[PDB]
Amino acid sequence: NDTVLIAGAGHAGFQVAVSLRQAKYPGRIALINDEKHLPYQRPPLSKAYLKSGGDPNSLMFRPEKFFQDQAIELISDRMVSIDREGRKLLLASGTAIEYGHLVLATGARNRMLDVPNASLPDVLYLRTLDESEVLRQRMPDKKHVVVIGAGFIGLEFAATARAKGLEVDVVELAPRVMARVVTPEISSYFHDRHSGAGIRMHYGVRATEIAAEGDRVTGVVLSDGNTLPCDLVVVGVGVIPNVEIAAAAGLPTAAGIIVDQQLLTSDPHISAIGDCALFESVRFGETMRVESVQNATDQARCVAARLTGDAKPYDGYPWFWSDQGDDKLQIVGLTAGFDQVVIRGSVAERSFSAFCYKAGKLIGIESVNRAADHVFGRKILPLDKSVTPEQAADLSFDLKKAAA
Ligand SMILES: Cc1cc2nc3c(=O)[nH]c(=O)nc-3n(C[C@H](O)[C@H](O)[C@H](O)COP(=O)(O)OP(=O)(O)OC[C@H]3O[C@@H](n4cnc5c(N)ncnc54)[C@H](O)[C@@H]3O)c2cc1C
């Protein structure tokens with residue numbers, strides 16, 4: 001067959017469809033979308049949107065007419081099974097489709113809070129437009145929310161809930177916030193900023209039970225035995241890559257759908273991109289899964305480029321960002337295994353960067369309200385070039401000249 005079937009119409013799904021057309025792909029392109037919304041943006045969900053008037057499709061990538069003009073078949077359905085041998089995609093509507101090449105961009109789903117009463121009505125998640133909209137409408141009728149999970153999303157939400165007048169308590173099991181993604185100097189800064197806004201941070205604890213009265217949430221019980229009163233709970237304790245269906249078809253999976261340097265599964269005719277993909281990284285010499293718009297986007301481009309001619313190893317350089325309250329956090333590079341951190345700028349001035357090193361080499365830059373340092377990293381890191389810790393701290397050391 002000639003048709004390219006895309007399962008999942010989020011960032012990666014939408015981008016591969018678009019990039020496929022830009023590259024003048026002749027075949028048919030079907031985009032399976034299991035949500036009652038035109039493909040939309042995720043980043044605004046825990047940011048601006050929570051502050052908007054809730055405009056139905058204000059987060060749409062492109063308007064409805066776009067998919068028609070682009071010959072991208074937008075199918076309002078969901079894949080449930082994959083017939084690799086018959087190269088057919090089995091939808092839930094009962095329908096079935098043959099494919100030349102199958103692109104899996106199923107992303108990842110919320111990991112359910114595994115605690116008593118965790119499923120009461122007032123225990124909400126925050127990852128889909130729908131979930132964002134209910135939370136937006138629910139906050140005005142709530143006085144106190146406990147946020148479980150100090151990840152990016154949880155804090156982006158916490159600041160807004162606080163800004164709206166709600167009482168806010170953040171529950172994190174680790175000793176500091178964003179422990180899975182940033183170095184201590186960043187956690188510290190944000191701990192101060194949020195605390196300063198009146199948000200009460202709680203470290204070293206897990207939720208062990210959701211205290212309720214009738215079926216009304218009244219608090220969150222912690223592993224230290226104490227209970228934090230609240231009438232609303234927002235949980236962000238991780239996701240689960242959607243690999244089930246692919247695994248059901250015999251495709252290797254783990255913490256994501258396994259793919260090689262070219263984002264291909266063990267079955268040619270089937271690729272995996274975005275949050276759902278556990279790819280082989282030539283640059284970093286290891287298999288990993290990355291959750292970011294950058295990753296979804298660059299991976300989509302890589303596949304689109306392959307299915308149209310030049311098959312190259314995926315090498316989208318990783319970078320992320322987060323908008324918490326009035327502060328902007330930008331990260332370029334992977335900081336895992338950092339053994340030396342240098343501060344450039346001033347924490348007091350609320351504009352600085354943490355230059356992270358490992359074995360004497362710059363591995364990443366975490367910039368708070370300092371776009372210039374981020375541009376420096378985005379240019380230098382992909383080239384695998386570095387700057388000494390001494391130079392990073394020196395405000396008289398010109399980053400523009402260094403990156404020319
Ligand atoms: C609230 C929020 C804020 C974020 N903010 C940022 C940010 O500021 N910066 C950043 O870099 N990243 C951010 N991210 C992460 C970013 O959204 C993800 O990295 C990106 O969406 C991953 O793209 P994706 O295409 O793989 O999957 P997603 O966008 O999640 O889309 C997956 C889509 O596939 C659908 N689907 C799943 N299974 C099936 C199936 N079997 N059949 C059909 N359809 C299916 C899903 O319902 C969904 O619509 C944020 C994420 C969230 C949730």
Side-chain angles (χ1 to χ4, degrees), residues 5-19 30-50 59-61 74-82 89-93 95 97 102-111 124-133 135-136 149 151-157 160 181 234 236 238-249 256-257 259 263 271-279 289-300 303 316 318-324 328-332:
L5 246 42
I6 309 169
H11 282 85
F14 169 74
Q15 189 60 236
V16 67
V18 168
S19 292
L31 221 201
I32 305 160
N33 182 29
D34 75 356
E35 293 193 40
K36 291 184 179 297
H37 302 99
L38 304 171
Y40 64 93
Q41 308 163 61
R42 266 65 186 178
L45 293 173
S46 53
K47 306 177 177 60
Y49 191 69
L50 266 28
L59 306 180
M60 55 164 79
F61 282 119
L74 194 62
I75 305 176
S76 185
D77 216 70
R78 173 191 179 74
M79 79 139 77
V80 296
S81 175
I82 300 174
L89 198 295
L90 202 167
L91 301 188
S93 60
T95 310
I97 304 178
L102 173 58
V103 171
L104 298 180
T106 53
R109 60 179 178 289
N110 290 299
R111 180 197 185 199
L124 311 173
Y125 294 81
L126 181 53
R127 288 183 55 72
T128 67
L129 173 49
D130 284 357
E131 289 167 356
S132 183
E133 180 56 14
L135 192 46
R136 188 184 72 81
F152 294 132
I153 301 173
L155 295 180
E156 299 186 339
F157 165 74
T160 292
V181 293
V234 176
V239 299
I240 299 176
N242 299 304
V243 309
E244 289 60 39
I245 296 173
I257 309 178
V259 298
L263 314 178
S271 290
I273 58 174
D275 283 11
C276 80
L278 202 190
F279 68 101
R289 188 181 72 83
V290 176
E291 305 180 21
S292 71
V293 171
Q294 165 279 314
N295 180 251
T297 296
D298 297 334
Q299 266 187 35
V303 167
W319 50 270
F320 324 74
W321 84 90
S322 186
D323 298 356
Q324 295 171 34
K328 163 76 82 177
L329 201 209
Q330 289 170 298
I331 307 175
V332 57

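Along the sequence shown, residues are numbered consecutively beginning with 1. All values below were derived from every heavy atom in this structure, side-chain atoms included, with hydrogens, water molecules and symmetry-related copies excluded. Read the numbers this way: they start at 1 and go in the same order the structure lists the ligands and their atoms.
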ask   = Residues in ring pair (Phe, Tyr, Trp, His ring centres under 6.0 Å) with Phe279, at least two apart?
value = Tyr314
inquiry  = Check this for me - ligand 1, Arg127, N or O atoms closer than 3.5 angstrom, yes or no?
reply    = no
request  = Kindly indicate whether atom 38 (N) of ligand 1 is approached by any protein heavy atom to under 4.0 angstrom.
outcome  = yes
note = Rounding to 0.5 Å, atoms CZ (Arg42) and CD1 (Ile153) come to a distance of 11.0 Å
task = Compare every heavy atom of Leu74 with every heavy atom of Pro39, then report the nearest pair and how far apart it is.
result = CD-CD2, 4.0 Å
query = CD of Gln294 to NE2 of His11: how many Å apart, nearest 0.5 Å?
reply = 12.0 Å
ask   = Between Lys47 and ligand 1, is there a nitrogen or oxygen pair with a distance under 3.5 Å?
value = yes
inquiry  = For ligand 1 and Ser292, I'd like to know whether there is a polar contact (N/O to N/O, distance under 3.5 Å).
reply    = yes
message = So, taking the atom named CG in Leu263 and the one named CG in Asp298, what distance separates them when rounded to the nearest 0.5 Å?
response = 10.5 Å
message = Check for me whether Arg109 has a heavy atom closer than 4.0 Å to any atom of ligand 1.
response = no
Shortest protein contact, atom 27 (O) of ligand 1 (heavy atom only) = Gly107 CA, 3.6 Å
Nitrogen or oxygen of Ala296 less than 3.5 angstrom from that of ligand 1 = no
query = Under a 4.5 Å cut-off applied to non-hydrogen side-chain atoms, are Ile82 and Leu104 in contact?
reply = yes
inquiry  = Within this structure, what is the CD-CG distance for the pair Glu131 and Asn110, rounded to the nearest 0.5 Å?
reply    = 5.0 Å
ask   = Any N/O of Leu126 closer than 3.5 Å to an N/O of ligand 1?
value = no
task = Determine whether the side chain, the backbone, both or neither of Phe152 has a heavy atom under 4.0 Å from any heavy atom of ligand 1.
result = neither
task = Kindly compute the distance separating CZ (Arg136) from CG (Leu45), expressed to the nearest 0.5 Å.
result = 12.0 Å
message = I want to know if ligand 1 touches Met79 in the polar sense, i.e. an N/O pair below 3.5 angstrom.
response = yes
remark   = Judged by heavy atoms only, the candidate from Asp275, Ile331, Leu129 nearest atom 26 (O) of ligand 1 is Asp275
task = Decide whether an N or O pair under 3.5 Å exists between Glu156 and ligand 1.
result = no
task = Determine whether any heavy atom of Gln294 lies closer than 4.0 Å to an atom of ligand 1.
result = no
request  = Return yes or no for this condition: an N or O of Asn242 is under 3.5 Å from an N or O of ligand 1.
outcome  = no
inquiry  = I need the contact type for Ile153 against ligand 1. Using non-hydrogen atoms and a strict under-4.0 Å cut-off, is it side chain, backbone, both or neither?
reply    = side chain
message = With the threshold set at under 4.0 angstrom, would you say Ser322 reaches ligand 1 through any of its heavy atoms?
response = no
request  = Please identify each residue that fulfils ring pair (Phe, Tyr, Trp, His ring centres under 6.0 Å) with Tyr40, with sequence neighbours left out.
outcome  = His37
key: Side-chain donor/acceptor of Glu156 to backbone N/O of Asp323, under 3.5 Å   = yes
message = Please state which option from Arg42, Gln299, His37, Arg78 has its nearest heavy atom closest to atom 17 (O) of ligand 1.
response = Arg42
task = Give yes if a backbone or side-chain nitrogen or oxygen of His11 is under 3.5 Å from a nitrogen or oxygen of ligand 1, and no if not.
result = yes
message = Tell me the contacting part of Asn295 for ligand 1: side chain, backbone, both, or neither, using a 4.0 Å heavy-atom threshold, strictly below.
response = neither
ask   = What pair of heavy atoms forms the shortest contact from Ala12 to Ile273, and how long is it?
value = O-CD1, 3.6 Å
